[PDB]
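S.K.:
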Amino acid sequence: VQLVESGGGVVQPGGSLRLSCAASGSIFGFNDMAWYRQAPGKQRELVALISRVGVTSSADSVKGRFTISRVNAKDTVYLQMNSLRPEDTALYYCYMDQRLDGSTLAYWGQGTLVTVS
Amino acid sequence: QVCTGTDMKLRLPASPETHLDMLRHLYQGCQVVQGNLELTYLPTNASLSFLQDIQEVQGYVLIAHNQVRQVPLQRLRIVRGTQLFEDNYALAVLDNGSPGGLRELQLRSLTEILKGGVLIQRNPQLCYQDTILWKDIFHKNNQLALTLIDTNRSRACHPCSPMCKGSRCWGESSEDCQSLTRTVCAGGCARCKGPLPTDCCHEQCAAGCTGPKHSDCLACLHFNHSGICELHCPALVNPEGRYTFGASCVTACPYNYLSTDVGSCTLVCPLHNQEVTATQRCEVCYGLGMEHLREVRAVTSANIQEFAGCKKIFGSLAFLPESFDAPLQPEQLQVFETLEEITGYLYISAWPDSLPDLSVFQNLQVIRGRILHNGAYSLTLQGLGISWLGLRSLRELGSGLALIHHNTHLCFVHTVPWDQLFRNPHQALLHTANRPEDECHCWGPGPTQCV
Amino acid sequence: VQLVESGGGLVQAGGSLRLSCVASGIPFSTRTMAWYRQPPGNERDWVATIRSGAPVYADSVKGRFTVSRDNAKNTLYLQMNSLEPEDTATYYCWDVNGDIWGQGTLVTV
């Protein structure tokens, strides 16, 4: 299982951006899909989480601006970012999960850089 | 033995009178379906004996809006779940229906579903859906293993035969007993043929086994190598190298596929790769549905200039009624005079009334049909009002069926060598509601239209 | 864009009937219209098709049915004569080019 992000870039404040992260090497699907971000000097914090059924969660600082969606056929996550603020500059990592033999296996991406300026 | 499914989810048939014929042509003598099994809009007395050989489905199974009382899928063993219906379900039985409608599922051979769930809603006459242990049919590593079963009925079902160990049955007959291969396993083996530890199957076998080896099981979890279940096909870099084609290792790629340097048979070249013709390998104008016009569904005046001076289109060409009403003009259609190959399909549901034929595609030679309209057709012509075809240079139809119906002024349909154009024992010409042949090898009138 | 069928109802054996299909919001002049029938418990069956000239009829209804259109009124007709007990079905109006189906009307003989 390998995860690759193809969403990052540089955007002016108030602009829009969309991140995607597809997976390969699985024939069973994934438990849940998430997006994490890392501001300079701080730890990795959850931005948005979506369940396999379709229940969507989001962080309090991005509510009303960040939306997460998934496609089970392609095993892909999406993150639509609208009205991006200067404090949205961070390293965005996509996250996937799999429940196997009673345990959860975590898979991380390499990260994508989004700078708002 | 291997056939391609369709993608027409919950949609009405393109031709109501030829739907059963197209199903029979697509699924006659097929064991593995490379796509989705969509059995929809079947009449009460429909004969479906051509589906008795199907054993594996790569995508999803959709049985909806059917008046048939029984669908004979009793040899189907595994559903891969590569594609999902509504992105959640691998099996879907909806709105089906002696009043009419299917009464039993009769899937006594189905044992494994790799990815997806089950959706059974609004079947008044269906019975024996709440007594099936669906957890057994789902793979132990299946992530989207959910069930949504509607048990509302308009009749009372008899209990199944007492021969079953429990009350789990696919029907009323004694041989409709359900076989458990997951919840009765000994230890941690995912699949087994009995309650003993020695009865577990090989780790590369999906739907069950007859012996403990990796050559005597009902299905291969990843790939089948001449009867051997292997995780990976043998690498090419190698006299024993094999190409990856679906869930099996093959010596050479099929007729209408592209061989990648990785060692897999695909229908489109990957990024930063160019198709090379020797068979073709992955060592340009883009049509509808290829990475620039993915959401575009018609050839309008806002994108017709993208095909000017082109000899090969990597995509399809659809001519909807909205294309001609800025409305498209007959003089703008000459940009296709140099076209010679279409990678996808050719759809024409509208045409200018001043054009008596399809002469703008005079030099078109190959319709590859790697992408099919509704998953079944590579050349469709309906409601055109054309006098003759005029596709003088057409020689090959790589895949899919040809559908030409409701052209009230069209002659010379049967004067075309259609059998010479096909390269598969699954393609045929479906034609209805054309101009009668009583009042009607060449493509049109004159000496220049000879084949 | 919608199609509405009207003019059905009840009739005795050997009677006559006239059907009408109206189109609103589409260029009716440049469209191909087809009539269909759906007997209960069966599949939809083709009846007739007309675009601009002589219509094409099915072998079952040939000689008894006549199909005509009025472009100014945006209406399509279906005249029925010498009706038979096997002609009872739900009749549908189809736009071939635009792929638009009518709601259907019930005809009982």
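Residue numbers (this note's numbering), protein chains in the order written: chain A, 61 to 177; chain B, 50 to 500; chain C, 300 to 408.
Quick reminder that beta carbons are idealized off the backbone N, C-alpha and C, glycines included.
1. In whole angstroms, what is the alpha-carbon distance linking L91 of chain B and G495 of chain B?
2. Indicate the three-state DSSP secondary structure (helix, strand or coil) for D248 of chain B in the structure shown.
3. Over what stretch of residues does the beta strand (DSSP E) that includes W168 of chain A continue unbroken?
4. If the cut is a Cβ gap below 9 Å, which residues of chain B does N341 of chain C touch?
5. Are the CB atoms of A255 of chain B and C269 of chain B within a distance shorter than 8 Å?
6. I need the straight-line Cα distance from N137 of chain B to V348 of chain B, nearest angstrom please.
7. Does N115 of chain B pass the burial test, meaning 16 or more other C-beta atoms within 10 Å, or should it be called exposed?
8. Let's see if you can read the secondary structure: which residues bound the alpha helix (DSSP H) around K184 of chain B?
9. Exposed or buried, which one is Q476 of chain B when buried takes at least 16 other CB atoms within 10 Å?
10. Measuring only between beta-carbons, confirm whether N370 of chain C sits less than 8 Å from chain B.
11. To the nearest angstrom, report how far apart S76 of chain A and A375 of chain B are at their CA atoms.
12. I need the boundaries of the alpha helix (DSSP H) containing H114 of chain B, first residue and last residue.
13. Which one or two residues does DSSP pair with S315 of chain C in a beta bridge?
14. Within the region 243-323 of chain B, note down every full beta strand (DSSP E) run reaching 3 residues or more, in order along the chain.
15. Does the region 351-360 of chain C come close enough to the region 398-408 of chain C that 3 or more CB-CB pairs lie under 8 Å?
16. May I ask you to verify whether the region 427-440 of chain B touches the region 391-405 of chain B, counting CB pairs closer than 8 Å and requiring at least 3?
17. Just grab the DSSP bridge partners of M156 of chain A for me.
18. Can you give me, in chain order, the residues of the region 416-437 of chain B that have a beta carbon less than 7 Å from any beta carbon in chain C?
19. What first and last residue would you give for the alpha helix (DSSP H) that runs through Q469 of chain B?
20. For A388 of chain C, which of C:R343, C:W400, C:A347 and C:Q311 has the nearest alpha-carbon?
21. For the region 447-460 of chain B, list every residue whose C-beta sits within 9 Å of some C-beta in chain C, in sequence order.
22. With contact counted as at least three CB pairs below 8 Å, one residue from each stretch, are the region 51-64 of chain B and the region 75-92 of chain A in contact?
23. Look at the Cβ atom of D185 of chain B, then the Cβ atom of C209 of chain B, and state whether they are nearer than 8 Å.
24. With 16 other CB atoms within 10 Å as the buried threshold, where does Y152 of chain A fall?
25. What residue from B:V384, B:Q77 and B:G165 has the CA that sits closest to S98 of chain B's CA?
26. Roughly how many angstroms lie between the CA atoms of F134 of chain B and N380 of chain C, to the nearest whole one?
27. Hey, quick one: how far does the alpha helix (DSSP H) through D70 of chain B stretch, first residue to last?
28. With a threshold of 16 other CB atoms inside 10 Å of the CB of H281 of chain B, please say whether the residue is buried or exposed.
29. Quick one, which of B:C489, B:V465, B:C460 and B:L450 has its alpha-carbon nearest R73 of chain B's?
30. Applying the criterion that 16 or more other CB atoms from any shown protein chain within 10 Å of the CB defines a buried residue, is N287 of chain B buried or exposed?
31. Can at least three beta-carbon pairs, one atom from the region 320-331 of chain C and one from the region 165-175 of chain A, be found at a separation below 8 Å?
32. Only counting the same chain, and skipping five residues up and downstream in sequence, which positions put a Cβ closer than 8 Å to that of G276 of chain B?
33. Can you confirm whether the region 116-130 of chain B touches the region 107-125 of chain A when touching is taken to mean that 3 or more C-beta pairs between the two stretches lie within less than 8 Å?
34. With a cut-off of 8 Å, does the C-beta of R350 of chain C fall near any C-beta of chain B?
35. Along the region 132-153 of chain A, what residues have a CB closer than 7 Å to any CB found in chain B?
36. Do the region 149-169 of chain B and the region 189-199 of chain B make contact, defined as three or more Cβ pairs closer than 8 Å?
M.R.: Once the coordinates are examined:
1. Start at 1 with the first residue of the second sequence, and residue 91 of chain B comes out as number 42. Start at 1 with the first residue of the second sequence, and residue 495 of chain B comes out as number 446. Spanning the two alpha carbons is a distance of roughly 43 Å.
2. Taking the second sequence and counting its residues from 1, the one referred to as residue 248 of chain B is at position 199. Three-state DSSP puts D248 of chain B in a helix.
3. Position 108 of the first sequence holds residue 168 of chain A. Counting along the chain, the beta strand (DSSP E) containing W168 of chain A begins and ends at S163 to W168.
4. Along the third sequence, read from residue 1 onward, the residue named residue 341 of chain C stands at position 42. Ordered by position in chain B, the residues that pass the 9 Å Cβ test against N341 of chain C are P92, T93, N94 and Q116.
5. For this step, residue 269 of chain B is matched to residue 220 along the second sequence. For this step, residue 255 of chain B is matched to residue 206 along the second sequence. For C269 of chain B and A255 of chain B, yes; Cβs fall inside 8 Å.
6. By one-based count along the second sequence, residue 137 of chain B stands at place 88. By one-based count along the second sequence, residue 348 of chain B stands at place 299. If I take the Cα positions, the gap works out to 33 Å.
7. Looking up residue 115 of chain B in the second sequence gives position 66. By the neighbour-count rule (16 or more Cβ atoms within 10 Å), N115 of chain B is buried.
8. On the second sequence, residue 184 of chain B is found 135 positions in, with the first residue counted as 1. Start and end: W183 to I186.
9. Sequence index remark: in the second sequence, residue 476 of chain B carries index 427 (1-based). Classification for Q476 of chain B: buried.
10. Numbered from 1 along the third sequence, position 71 holds the residue referred to as residue 370 of chain C. Not one chain B Cβ lies under 8 Å of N370 of chain C.
11. As a first step, residue 76 of chain A is located in the first sequence; it is residue number 16 there, counting from the start. As a first step, residue 375 of chain B is located in the second sequence; it is residue number 326 there, counting from the start. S76 of chain A and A375 of chain B have their C-alpha atoms roughly 31 Å apart.
12. In the second sequence, counting from the first residue as 1, residue 114 of chain B sits at position 65. Element bounds for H114 of chain B: n/a, residue is neither H nor E.
13. The residue labelled residue 315 of chain C in the question sits at position 16 within the third sequence. Bridge partners of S315 of chain C according to DSSP: C:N380.
14. 272-274, 277-279, 292-294, 297-299 and 307-309
15. As far as the Cβ criterion goes, the region 398-408 of chain C does not touch the region 351-360 of chain C, which means the pair count is below three.
16. yes
17. If you number the first sequence from 1, residue 156 of chain A lands on position 96. A:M93 and A:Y167, per the DSSP bridge assignment.
18. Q431, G432 and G434
19. Residue 469 of chain B sits at position 420 when you count from the first residue of the second sequence. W467 to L470 is the span of the alpha helix (DSSP H), which, as asked, contains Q469 of chain B.
20. By 1-based counting over the third sequence, the position of residue 388 of chain C is 89. When only C-alpha atoms are compared, the closest one is C:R343.
21. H454, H455, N456, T457 and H458
22. no
23. Here residue 185 of chain B is taken as the residue at index 136 of the second sequence, counted from 1. Here residue 209 of chain B is taken as the residue at index 160 of the second sequence, counted from 1. Not closer than 8 Å, so no.
24. On the first sequence, residue 152 of chain A is found 92 positions in, with the first residue counted as 1. With 16 or more Cβ atoms within 10 Å of its Cβ, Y152 of chain A is classed as buried.
25. Taking the second sequence and counting its residues from 1, one reaches residue 98 of chain B at position 49. Cα-wise, what sits closest to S98 of chain B is B:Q77.
26. If you number the second sequence from 1, residue 134 of chain B lands on position 85. If you number the third sequence from 1, residue 380 of chain C lands on position 81. Spanning the two alpha carbons is a distance of roughly 46 Å.
27. Against the second sequence, residue 70 of chain B aligns to sequence position 21. From DSSP, the alpha helix (DSSP H) with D70 of chain B extends over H68 to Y76.
28. One-based indexing of the second sequence puts residue 281 of chain B at position 232. It counts as exposed.
29. As a first step, residue 73 of chain B is located in the second sequence; it is residue number 24 there, counting from the start. If we check each option's Cα against that of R73 of chain B, B:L450 comes out closest.
30. Mapped onto the second sequence, residue 287 of chain B falls at position 238. With fewer than 16 Cβ atoms within 10 Å of its Cβ, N287 of chain B is classed as exposed.
31. no
32. Walking along the second sequence from the start, residue 276 of chain B turns up at place 227. Taken in chain order, the residues that qualify are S264.
33. no
34. Position 51 of the third sequence, counting from 1, holds the residue named residue 350 of chain C. Yes, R350 of chain C lies at the interface with chain B (some Cβ there is under 8 Å from its Cβ).
35. The residues in question are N132 and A133.
36. A contact between stretches requires three or more CB pairs, one per stretch, nearer than 8 Å, and the region 149-169 of chain B meets this requirement with the region 189-199 of chain B.
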